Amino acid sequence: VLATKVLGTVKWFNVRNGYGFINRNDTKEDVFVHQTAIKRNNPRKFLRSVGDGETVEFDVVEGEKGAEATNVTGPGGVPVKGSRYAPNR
């Protein structure tokens, strides 16, 4: 873990490919986010996702190809909103 409970804005997230990027609000740098790194998914949606432009809170770790987000939630640990491309329950 390189940083804990960092706030960020999802740059974009591709539901079909299962990944995207988050822009850190502190450093304004992008970090990779994989679908499996989402800790609190939207219980009202199917599939694992975050939605473009959403505010998220996460840890930062060193990944294979640059820094990565893990333990992704909404701010204060609440569920994420998820992607418009992820179907609703």
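From 1 onward, residues are counted along the sequence shown.
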property: Missing-residue flag, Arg44, threshold a third of other entries; result: yes
property: Residue range whose averaged C-alpha B-factor is higher in the record, 29 to 37 or 58 to 66; result: 58 to 66
property: Of 2 to 10 and 79 to 87, the stretch whose C-alpha atoms average the higher B-factor in the entry; result: 2 to 10
property: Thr73 by Cα B-factor - lowest, middle or highest third of the modelled chain; result: lowest
